[PDB]
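Notes to accompany the following structure.
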Amino acid sequence: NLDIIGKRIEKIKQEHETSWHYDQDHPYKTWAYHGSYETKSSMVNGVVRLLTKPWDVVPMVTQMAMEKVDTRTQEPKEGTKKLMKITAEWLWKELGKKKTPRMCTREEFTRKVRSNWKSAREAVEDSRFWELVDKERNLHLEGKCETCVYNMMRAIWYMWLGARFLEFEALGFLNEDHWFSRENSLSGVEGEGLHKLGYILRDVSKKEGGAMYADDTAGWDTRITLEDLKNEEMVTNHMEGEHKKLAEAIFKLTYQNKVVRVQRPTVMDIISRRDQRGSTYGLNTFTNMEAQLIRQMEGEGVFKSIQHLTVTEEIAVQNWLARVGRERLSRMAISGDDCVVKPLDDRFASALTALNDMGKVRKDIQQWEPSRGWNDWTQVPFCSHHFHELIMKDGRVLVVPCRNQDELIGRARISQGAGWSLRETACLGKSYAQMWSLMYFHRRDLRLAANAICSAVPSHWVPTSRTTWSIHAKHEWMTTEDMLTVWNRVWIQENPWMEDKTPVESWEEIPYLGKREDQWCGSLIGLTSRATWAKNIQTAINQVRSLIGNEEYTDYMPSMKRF
Ligand SMILES: COc1cccc(S(=O)(=O)NC(=O)c2cc(-c3ccc(C#CCO)s3)c(OC)cc2OC)c1
Ligand SMILES: [Zn+2]
Ligand SMILES: [Zn+2]
């Protein structure tokens, strides 16, 4: 307890000696309280809103712009703990077969910050920051920590740049070298991209099995146990030398014994705990892959009880893993806490003992109620999307991503942060428009609104900011290259599920969902407000061009049949 975290608490105490006190009436019960000290934007994107007038009266769009971490998860039973250890050891070996753990560099970290002190850009350029990094790194090498403290604000657990670099240096390889790519992990989807997720679910559906299960865990990061953190730590067994010690330091000193600061009505509390995850992707994917294989084992009756595992059962588990483990991994699509599983049959639905005992209690369902599966891959939820099968005029088949259209419009109408110029606002509007042209072209209102935004924003202005922080986004729309060329590269040329590589010559060859399907997924097609908007779109485009000024514009509307 106090030995590993003491040095971090001491520094905070000395830094705030004047204010430092032990508040006897604090609201902590699961977190260890140490002391407290005294202490001290969802903006609308006007370009997008002006070009999406019918949605000004749609509440689901307009409303978008307008301490549940102090819980304890019971220690799993001895059998669950054996199941997790056997599975985690097996899974790290499968993952390491074709990959080599390595340290990530200052140059790679600098390359990241230079894309995505008052800024990380400022600190990374200053030699003194790297000297502070050196002092922290040398403490880690002898099993000590002084500055790796989380700053809470779901709750986002921030960290100082140097603590982030040390974490990235030791464990960045998991993401940088694609350990959870579908090729390497079989269940993983890291590096795939939203436009491949649909084809992966259709491939999973081709397997013989029961329904497709896609159970959400209620607050996954709070359900990460010490047992999970210890099982994830086993990746150090595949490392050597300096790398091995640095990674063991991140796990033991910053993950298994964290020091967190949080503002309370204004005091700053200094709390600690051995479990939970600060809200990485790779480690959540690993542990979810492990938890879902164990559920598959239970469904298949590999073991009878979680309370304890029989001498023979432990062998049966190891035999199951060597015999069918990889095939069972391939029945899954897992991205952190997001999962889709197509098990051997429907016994999985009621295989809930190990799942609940691991702490991965399902959301919006009673603890012992059997899961309700999906009978069609096109109905399955995955990473806030569902997927449609679209047949092109030429017979080729696209598998496209989709979500309720109000969510898409509501999000594009939001600008995050302060001090944006009209040019930066217009350029973020352009990033959303090009993202829609690439991913959601099949939605009538979005292809129209996207062409309107691209017609209203100066043609050579470069898309800015980001439309999403999703790890599934590859940002192909962040360019001034013609979007028909980008569409052909993404959907035809580089698409492995597309055998015929004939390019598309116009947007008119690119299909939409059926009109009724489009309305079902939130289209305003058929409404009077929408017909007026579509008919008078040049007027809305001109209003924005007039606000931006005397610039060079292109009319993208005639790429559509009606225009
Ligand atoms: C996570 O929680 C959030 C909460 C609020 C806001 C937001 S957000 O606006 O920042 N993002 C999303 O809502 C969102 C976006 C995507 C993608 C879009 C385009 C992609 C591609 C490609 C090809 O290169 S990927 C995605 O894809 C699965 C998943 C997403 O959400 C789960 C996120
Ligand atoms: Zn540290
Ligand atoms: Zn849809």
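Each ligand, and each atom within it, is numbered from 1 in the order the structure gives. Hydrogens, waters and symmetry mates play no part in the numbers below; they use all other heavy atoms, side chains included. We count residues from 1, following the sequence as given.
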Would you mind running through ligand 1 and noting each atom that sits below 4.0 Å from a heavy atom of [X]?
X	result
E476	23 (C), 24 (O)
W469	10 (O)
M435	18 (C), 19 (C)
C383	28 (C), 29 (C)
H195	23 (C)
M439	22 (C), 23 (C)

Heavy-atom contact under 4.0 Å between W477 and ligand 1? yes

How close does the nearest protein non-hydrogen atom get to [atom], and which residue and atom is it?
atom	result
atom 15 (C) of ligand 1	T468 OG1, 3.3 Å
atom 4 (C) of ligand 1	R411 NH2, 5.0 Å
atom 16 (C) of ligand 1	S470 CB, 3.7 Å

Heavy-atom distances under 4.0 Å decide this one: backbone, side chain, both or neither, for [X] against ligand 1?
X	answer
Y432	neither
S384	side chain
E407	neither
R403	side chain

Side chains of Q405 and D445: any donor to acceptor distance under 3.5 Å? yes

Are there protein heavy-atom neighbours of [atom] below 4.0 Å?
atom	value
atom 28 (C) of ligand 1	yes
atom 2 (O) of ligand 1	no
atom 19 (C) of ligand 1	yes
atom 32 (C) of ligand 1	yes

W374/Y213 under ring-ring contact (aromatic ring centres under 6.0 Å, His included): CA gap, chis, key distance, verdict: CA-CA 6 Å; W374 300 91; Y213 296 85; over 10 Å; no

Go through the steps for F129 and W160 under the test ring-ring contact (aromatic ring centres under 6.0 Å, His included), then give the verdict. CA-CA 11 Å; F129 160 74; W160 98 273; 5.7 Å; yes

Does the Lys NZ or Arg CZ of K360 fall within the cation-pi geometry relative to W220 - under 6.0 Å from the ring centre and within 45° of the axis? yes

Kindly confirm whether the Zn ion (ligand 2) is within less than 2.8 Å of some N/O/S atom in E136? yes

Judging by distance only, is a nitrogen or oxygen of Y440 under 3.5 angstrom from one on ligand 1? no

If you have a sec, read the angle at the Zn ion (ligand 3) from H388 atom NE2 over to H386 atom NE2, to 10 degrees. 100°

May I ask you to decide if the ring planes of [X] and [Y] are parallel, tilted or perpendicular, using 30° and 60° as cut-offs?
X	Y	answer
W31	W157	tilted
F168	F109	tilted
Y255	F251	perpendicular

So, the side chain of [X] versus the backbone of [Y]: is there a donor-acceptor pair under 3.5 Å, distance only?
X	Y	answer
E517	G514	yes
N404	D406	yes
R447	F441	yes

Atom of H140 nearest the Zn ion (ligand 2) (restricted to N/O/S, atom name only): NE2

Working for ring-ring contact (aromatic ring centres under 6.0 Å, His included), residues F173 and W179: CA-CA 8 Å; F173 73 95; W179 276 53; 5.1 Å; yes

Please report the C-alpha distance between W55 and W533 in whole Å, then the side-chain angles of each, then the deciding distance to 0.1 Å, and finally whether the ring-ring contact (aromatic ring centres under 6.0 Å, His included) criterion is met. CA-CA 10 Å; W55 291 274; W533 169 72; 5.0 Å; yes

Under 4.0 Å between a side-chain nitrogen and a carboxylate oxygen: does that hold for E167 and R164? yes

